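Novice: upload.cif (mmCIF, C-alpha atoms) pasted underneath:
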```
data_run
loop_
_atom_site.group_PDB
_atom_site.id
_atom_site.type_symbol
_atom_site.label_atom_id
_atom_site.label_comp_id
_atom_site.auth_asym_id
_atom_site.auth_seq_id
_atom_site.Cartn_x
_atom_site.Cartn_y
_atom_site.Cartn_z
ATOM 1 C CA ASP A 219 29.322 -0.306 -83.455
ATOM 2 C CA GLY A 220 31.566 1.441 -85.961
ATOM 3 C CA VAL A 221 34.638 3.619 -86.157
ATOM 4 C CA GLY A 222 32.987 6.750 -84.781
ATOM 5 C CA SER A 223 31.363 5.317 -81.653
ATOM 6 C CA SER A 224 33.216 4.254 -78.520
ATOM 7 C CA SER A 225 32.677 0.721 -77.232
ATOM 8 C CA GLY A 226 33.070 1.540 -73.548
ATOM 9 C CA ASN A 227 33.593 4.248 -70.979
ATOM 10 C CA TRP A 228 36.226 5.039 -68.395
ATOM 11 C CA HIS A 229 35.321 3.711 -64.963
ATOM 12 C CA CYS A 230 37.952 3.568 -62.215
ATOM 13 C CA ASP A 231 36.068 4.188 -58.966
ATOM 14 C CA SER A 232 35.600 2.347 -55.667
ATOM 15 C CA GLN A 233 32.221 1.762 -54.002
ATOM 16 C CA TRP A 234 31.960 0.712 -50.363
ATOM 17 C CA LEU A 235 28.791 -1.242 -49.592
ATOM 18 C CA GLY A 236 27.795 -2.856 -46.320
ATOM 19 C CA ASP A 237 30.236 -5.776 -46.349
ATOM 20 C CA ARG A 238 31.378 -5.358 -49.967
ATOM 21 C CA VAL A 239 33.850 -2.955 -51.632
ATOM 22 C CA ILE A 240 33.695 -3.002 -55.477
ATOM 23 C CA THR A 241 36.922 -1.842 -57.128
ATOM 24 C CA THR A 242 36.953 -0.809 -60.773
ATOM 25 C CA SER A 243 40.027 0.340 -62.642
ATOM 26 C CA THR A 244 40.512 1.400 -66.259
ATOM 27 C CA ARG A 245 43.927 1.629 -67.910
ATOM 28 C CA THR A 246 45.240 2.363 -71.379
ATOM 29 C CA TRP A 247 47.377 -0.403 -72.860
ATOM 30 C CA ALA A 248 49.636 -0.754 -75.865
ATOM 31 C CA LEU A 249 50.262 -4.121 -77.504
ATOM 32 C CA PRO A 250 53.253 -4.589 -79.825
ATOM 33 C CA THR A 251 53.834 -7.556 -82.055
ATOM 34 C CA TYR A 252 56.030 -10.066 -80.257
ATOM 35 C CA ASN A 253 58.560 -12.393 -81.924
ATOM 36 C CA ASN A 254 57.582 -11.198 -85.417
ATOM 37 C CA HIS A 255 54.538 -13.488 -85.043
ATOM 38 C CA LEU A 256 56.768 -16.495 -84.328
ATOM 39 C CA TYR A 257 56.934 -19.325 -81.797
ATOM 40 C CA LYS A 258 60.647 -19.384 -81.049
ATOM 41 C CA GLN A 259 62.015 -22.047 -78.721
ATOM 42 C CA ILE A 260 64.171 -20.690 -75.902
ATOM 43 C CA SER A 261 66.790 -22.203 -73.620
ATOM 44 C CA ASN A 262 69.511 -21.106 -71.247
ATOM 45 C CA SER A 263 71.813 -21.757 -74.202
ATOM 46 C CA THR A 264 69.581 -19.498 -76.317
ATOM 47 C CA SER A 265 70.579 -16.613 -74.046
ATOM 48 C CA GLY A 266 73.953 -18.252 -73.351
ATOM 49 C CA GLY A 267 73.682 -18.458 -69.557
ATOM 50 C CA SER A 268 75.250 -21.628 -68.149
ATOM 51 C CA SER A 269 74.321 -23.043 -64.749
ATOM 52 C CA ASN A 270 72.450 -26.282 -64.082
ATOM 53 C CA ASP A 271 70.326 -24.576 -61.428
ATOM 54 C CA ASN A 272 69.442 -21.888 -63.982
ATOM 55 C CA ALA A 273 69.043 -24.182 -67.003
ATOM 56 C CA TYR A 274 65.666 -24.030 -68.715
ATOM 57 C CA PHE A 275 63.835 -24.986 -71.894
ATOM 58 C CA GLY A 276 60.654 -23.410 -73.129
ATOM 59 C CA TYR A 277 58.794 -21.422 -75.702
ATOM 60 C CA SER A 278 58.419 -17.763 -76.537
ATOM 61 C CA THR A 279 55.031 -16.878 -77.924
ATOM 62 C CA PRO A 280 53.787 -13.986 -80.101
ATOM 63 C CA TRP A 281 50.970 -13.369 -77.601
ATOM 64 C CA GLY A 282 50.695 -10.957 -74.739
ATOM 65 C CA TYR A 283 48.665 -11.404 -71.603
ATOM 66 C CA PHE A 284 46.910 -9.226 -69.064
ATOM 67 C CA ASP A 285 48.129 -9.282 -65.476
ATOM 68 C CA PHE A 286 46.244 -7.464 -62.743
ATOM 69 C CA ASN A 287 47.480 -9.758 -59.980
ATOM 70 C CA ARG A 288 48.610 -7.005 -57.660
ATOM 71 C CA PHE A 289 46.623 -5.129 -55.073
ATOM 72 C CA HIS A 290 47.688 -1.684 -56.251
ATOM 73 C CA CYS A 291 46.046 -2.504 -59.593
ATOM 74 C CA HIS A 292 42.707 -2.315 -57.777
ATOM 75 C CA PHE A 293 43.146 -0.244 -54.602
ATOM 76 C CA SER A 294 44.285 3.318 -54.286
ATOM 77 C CA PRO A 295 46.479 3.925 -51.234
ATOM 78 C CA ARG A 296 43.507 5.674 -49.653
ATOM 79 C CA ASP A 297 41.242 2.701 -50.437
ATOM 80 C CA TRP A 298 43.865 0.351 -49.015
ATOM 81 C CA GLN A 299 43.965 2.411 -45.821
ATOM 82 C CA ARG A 300 40.175 2.426 -45.652
ATOM 83 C CA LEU A 301 40.301 -1.373 -45.940
ATOM 84 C CA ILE A 302 43.153 -2.242 -43.566
ATOM 85 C CA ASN A 303 42.147 0.246 -40.889
ATOM 86 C CA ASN A 304 38.730 -1.174 -40.084
ATOM 87 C CA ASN A 305 38.398 -4.736 -41.376
ATOM 88 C CA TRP A 306 39.539 -8.036 -39.911
ATOM 89 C CA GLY A 307 39.572 -9.757 -43.277
ATOM 90 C CA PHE A 308 38.655 -9.595 -46.915
ATOM 91 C CA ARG A 309 38.478 -11.875 -49.928
ATOM 92 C CA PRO A 310 37.636 -11.570 -53.630
ATOM 93 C CA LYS A 311 34.139 -12.543 -54.754
ATOM 94 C CA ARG A 312 33.664 -11.963 -58.488
ATOM 95 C CA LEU A 313 35.669 -10.457 -61.308
ATOM 96 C CA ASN A 314 34.588 -8.536 -64.380
ATOM 97 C CA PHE A 315 36.926 -7.811 -67.282
ATOM 98 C CA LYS A 316 36.330 -5.472 -70.214
ATOM 99 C CA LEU A 317 38.369 -4.619 -73.292
ATOM 100 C CA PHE A 318 37.160 -1.708 -75.369
ATOM 101 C CA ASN A 319 38.119 1.132 -77.711
ATOM 102 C CA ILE A 320 40.694 -0.939 -79.567
ATOM 103 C CA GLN A 321 42.699 0.839 -82.248
ATOM 104 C CA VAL A 322 45.224 -0.856 -84.493
ATOM 105 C CA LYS A 323 47.893 1.490 -85.800
ATOM 106 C CA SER B 639 27.338 26.141 -30.587
ATOM 107 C CA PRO B 640 28.866 25.951 -27.085
ATOM 108 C CA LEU B 641 32.245 27.625 -26.868
ATOM 109 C CA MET B 642 33.780 24.711 -24.951
ATOM 110 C CA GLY B 643 32.596 22.372 -27.693
ATOM 111 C CA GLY B 644 29.651 20.089 -28.157
ATOM 112 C CA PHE B 645 26.030 20.326 -29.237
ATOM 113 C CA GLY B 646 24.069 23.400 -28.213
ATOM 114 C CA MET B 647 20.421 22.658 -27.527
ATOM 115 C CA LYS B 648 17.440 24.721 -26.460
ATOM 116 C CA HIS B 649 16.131 21.608 -24.666
ATOM 117 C CA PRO B 650 19.107 19.491 -23.621
ATOM 118 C CA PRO B 651 18.764 16.252 -21.665
ATOM 119 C CA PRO B 652 16.866 17.148 -18.501
ATOM 120 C CA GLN B 653 18.532 17.274 -15.130
ATOM 121 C CA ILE B 654 17.826 14.253 -12.937
ATOM 122 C CA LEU B 655 17.612 15.302 -9.290
ATOM 123 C CA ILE B 656 17.868 12.687 -6.554
ATOM 124 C CA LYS B 657 17.538 12.887 -2.776
ATOM 125 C CA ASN B 658 17.350 10.577 0.208
ATOM 126 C CA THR B 659 14.005 11.054 1.906
ATOM 127 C CA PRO B 660 14.695 12.397 5.422
ATOM 128 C CA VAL B 661 13.789 10.002 8.222
ATOM 129 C CA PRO B 662 13.341 11.759 11.583
ATOM 130 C CA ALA B 663 15.181 10.148 14.478
ATOM 131 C CA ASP B 664 12.401 10.227 17.093
ATOM 132 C CA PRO B 665 10.078 13.071 18.098
ATOM 133 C CA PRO B 666 9.578 14.184 21.695
ATOM 134 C CA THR B 667 6.545 12.723 23.426
ATOM 135 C CA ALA B 668 5.093 16.183 24.070
ATOM 136 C CA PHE B 669 4.248 18.205 20.992
ATOM 137 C CA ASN B 670 6.677 20.775 19.617
ATOM 138 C CA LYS B 671 6.008 22.961 16.580
ATOM 139 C CA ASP B 672 9.664 23.233 15.522
ATOM 140 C CA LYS B 673 10.718 21.437 12.367
ATOM 141 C CA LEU B 674 12.434 18.291 13.694
ATOM 142 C CA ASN B 675 16.135 18.752 12.978
ATOM 143 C CA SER B 676 17.072 15.303 14.354
ATOM 144 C CA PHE B 677 17.428 12.708 11.612
ATOM 145 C CA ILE B 678 18.656 9.195 11.030
ATOM 146 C CA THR B 679 21.959 9.178 9.159
ATOM 147 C CA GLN B 680 21.704 7.239 5.934
ATOM 148 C CA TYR B 681 22.867 7.100 2.345
ATOM 149 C CA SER B 682 21.670 5.376 -0.784
ATOM 150 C CA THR B 683 23.425 3.234 -3.369
ATOM 151 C CA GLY B 684 22.316 1.943 -6.730
ATOM 152 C CA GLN B 685 23.055 1.345 -10.367
ATOM 153 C CA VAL B 686 22.500 3.882 -13.126
ATOM 154 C CA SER B 687 22.461 3.102 -16.827
ATOM 155 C CA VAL B 688 22.580 5.581 -19.706
ATOM 156 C CA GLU B 689 21.838 4.575 -23.288
ATOM 157 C CA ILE B 690 22.518 7.008 -26.137
ATOM 158 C CA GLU B 691 21.902 6.357 -29.810
ATOM 159 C CA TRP B 692 24.290 8.287 -32.041
ATOM 160 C CA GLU B 693 23.794 8.996 -35.725
ATOM 161 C CA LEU B 694 27.030 8.708 -37.734
ATOM 162 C CA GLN B 695 28.267 10.388 -40.969
ATOM 163 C CA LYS B 696 30.443 7.819 -42.816
ATOM 164 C CA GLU B 697 33.654 9.226 -44.407
ATOM 165 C CA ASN B 698 33.292 9.051 -48.241
ATOM 166 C CA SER B 699 36.631 10.402 -49.513
ATOM 167 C CA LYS B 700 38.072 9.877 -52.984
ATOM 168 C CA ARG B 701 41.539 10.629 -51.617
ATOM 169 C CA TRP B 702 44.229 8.279 -52.943
ATOM 170 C CA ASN B 703 46.592 9.030 -50.085
ATOM 171 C CA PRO B 704 46.391 7.110 -46.801
ATOM 172 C CA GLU B 705 44.933 9.292 -44.072
ATOM 173 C CA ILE B 706 46.008 10.275 -40.589
ATOM 174 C CA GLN B 707 44.434 8.012 -37.980
ATOM 175 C CA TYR B 708 44.443 7.947 -34.222
ATOM 176 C CA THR B 709 46.582 5.014 -33.122
ATOM 177 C CA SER B 710 48.292 3.554 -30.115
ATOM 178 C CA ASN B 711 52.039 3.041 -30.300
ATOM 179 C CA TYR B 712 53.809 -0.343 -30.472
ATOM 180 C CA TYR B 713 56.636 0.531 -28.012
ATOM 181 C CA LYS B 714 57.330 -1.345 -24.706
ATOM 182 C CA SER B 715 56.066 0.636 -21.694
ATOM 183 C CA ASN B 716 55.444 0.146 -17.996
ATOM 184 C CA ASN B 717 51.664 0.362 -18.401
ATOM 185 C CA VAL B 718 49.180 0.059 -21.225
ATOM 186 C CA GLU B 719 47.667 3.400 -22.199
ATOM 187 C CA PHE B 720 44.014 3.690 -21.139
ATOM 188 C CA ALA B 721 44.265 0.845 -18.638
ATOM 189 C CA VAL B 722 44.820 0.507 -14.912
ATOM 190 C CA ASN B 723 48.216 0.398 -13.271
ATOM 191 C CA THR B 724 49.485 -1.965 -10.533
ATOM 192 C CA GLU B 725 47.631 0.273 -7.993
ATOM 193 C CA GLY B 726 44.341 -0.236 -9.906
ATOM 194 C CA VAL B 727 43.782 3.423 -10.804
ATOM 195 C CA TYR B 728 42.561 4.093 -14.335
ATOM 196 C CA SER B 729 44.123 6.987 -16.218
ATOM 197 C CA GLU B 730 43.641 8.650 -19.590
ATOM 198 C CA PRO B 731 47.441 9.352 -21.373
ATOM 199 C CA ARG B 732 46.304 12.349 -23.513
ATOM 200 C CA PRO B 733 43.167 14.275 -24.674
ATOM 201 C CA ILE B 734 41.866 12.653 -27.888
ATOM 202 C CA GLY B 735 40.080 14.987 -30.322
ATOM 203 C CA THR B 736 37.709 13.959 -33.157
ATOM 204 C CA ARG B 737 39.503 15.547 -36.182
ATOM 205 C CA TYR B 738 41.694 12.938 -37.929
ATOM 206 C CA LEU B 739 40.020 12.445 -41.310
ATOM 207 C CA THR B 740 40.164 15.130 -43.988
ATOM 208 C CA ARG B 741 37.800 16.859 -46.381
ATOM 209 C CA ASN B 742 38.146 19.407 -49.138
ATOM 210 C CA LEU B 743 37.044 22.937 -48.378
#
```
Before anything else, please render the file you have as structure tokens.

Specialist:
Amino acid sequence: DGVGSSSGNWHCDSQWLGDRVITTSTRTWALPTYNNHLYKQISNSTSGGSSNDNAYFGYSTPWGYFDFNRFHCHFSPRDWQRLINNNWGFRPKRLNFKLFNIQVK
Amino acid sequence: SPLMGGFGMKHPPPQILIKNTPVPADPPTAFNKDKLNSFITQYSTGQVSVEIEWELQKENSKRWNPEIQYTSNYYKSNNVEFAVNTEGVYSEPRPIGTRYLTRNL
């Protein structure tokens, strides 16, 4: 621990096993403060748009979230080709998530 | 390495030589020292099986790009490539080589 030691390493490889391919991907993120730390309520009238089909009510939050729900987040084009070219099917098994080297500025 | 391509070996797979055993037609009743050129006409038939085990070198590229692959085409045609036609004669469409994947030098 401490300021001068890193809390994780970069690891964005792919390993092809017998019947298992393990994808790892590391990215650098930036997180701003959202809403000035507030929990504003939002509507279609909040943004002014008027149509009953488009009408909504909800809440804006000061939090962000992580989305990696796309295949290109985990497969290179070459890995995708290696998968689709000789495989009749695939499915996810287990997920690991890490968050390291945080710096507040 | 053979100039026409393939694996050059000091001791390749041995030749298998096969012959119908000659069956003389019928000798004359009095003895003759000549070498009996009259024979019964015959041929043989059978089944032959060849089993080869091949060692493979699995492609292990870190290339992001999708690679060139040998493929058949999805365009309507009179016959299917590498099949038989209405006559029943099997034909091969083009000469397929083995160099489709890539490596760094």

Novice: With the file shown as input, list the residues that the PyMOL selection byres ((chain A) within 6 of (chain B)) selects, as a PDB file with C-alpha atoms, keeping the file's coordinate frame.

Specialist:
```pdb
ATOM      1  CA  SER A 294      44.285   3.318 -54.286  1.00  0.00           C
ATOM      2  CA  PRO A 295      46.479   3.925 -51.234  1.00  0.00           C
ATOM      3  CA  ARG A 296      43.507   5.674 -49.653  1.00  0.00           C
ATOM      4  CA  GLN A 299      43.965   2.411 -45.821  1.00  0.00           C
TER       5      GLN A 299
END
```

Novice: Quick one: residues within 10 Å of residue B:708, all atoms listed in the file counted, chain neighbours fewer than 5 positions away excluded, as a VMD selection string?

Specialist: chain B and resid 734 to 739

Novice: Could you work out how far atom CA of residue A:316 lies from atom CA of residue A:283, giving the answer in Å with one decimal?

Specialist: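 Atom-to-atom, atom CA of residue A:283 and atom CA of residue A:316 are spaced 13.8 Å apart.
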
Novice: Near residue B:674, counting all atoms listed in the file, which residues have an atom at most 12 Å away, once you skip same-chain residues fewer than 4 positions from it, shown as a list in words?

Specialist: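 The residues that qualify are residues 660, 661, 662, 663, 664, 665, 666, 669, 670 and 678 of chain B.
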
Novice: In Å, how far is it from atom CA of residue B:684 to atom CA of residue B:726?

Specialist: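 Going from atom CA of residue B:684 over to atom CA of residue B:726 covers 22.4 Å.
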
Novice: As an exercise, work out the distance from atom CA of residue B:646 to atom CA of residue B:733 in Å and give it to one decimal place.

Specialist: 21.5 Å

Novice: Just the residues within 9 Å of stretch 241-255 of chain A, please, counting only C-alpha atoms, with nothing from its chain fewer than 6 positions along; format it as an MDAnalysis selection string.

Specialist: chainID A and resid 227:234 278:282 291:293 314 316

Novice: Do a neighbour search on residue A:223 at 12 Å with only C-alpha atoms, toss out local chain neighbours closer than 4 positions, and write the hits as a PyMOL selection string.

Specialist: chain A and resi 219+227+318-320

Novice: Taking only C-alpha atoms into account, which of B:648, B:714, B:657, B:696 comes nearest residue B:681?

Specialist: B:657

Novice: Could you list, as a PyMOL selection string, every residue matched by the PyMOL selection byres ((chain A and resi 310) around 12) in this structure?

Specialist: chain A and resi 237-241+287+289+292+307-309+311-314

Novice: If we count only C-alpha atoms and set the cut-off at 12 Å, which residues sit around residue B:727, ignoring sequence neighbours fewer than 6 positions away in its own chain? Please answer as a VMD selection string.

Specialist: chain B and resid 717 720 to 721
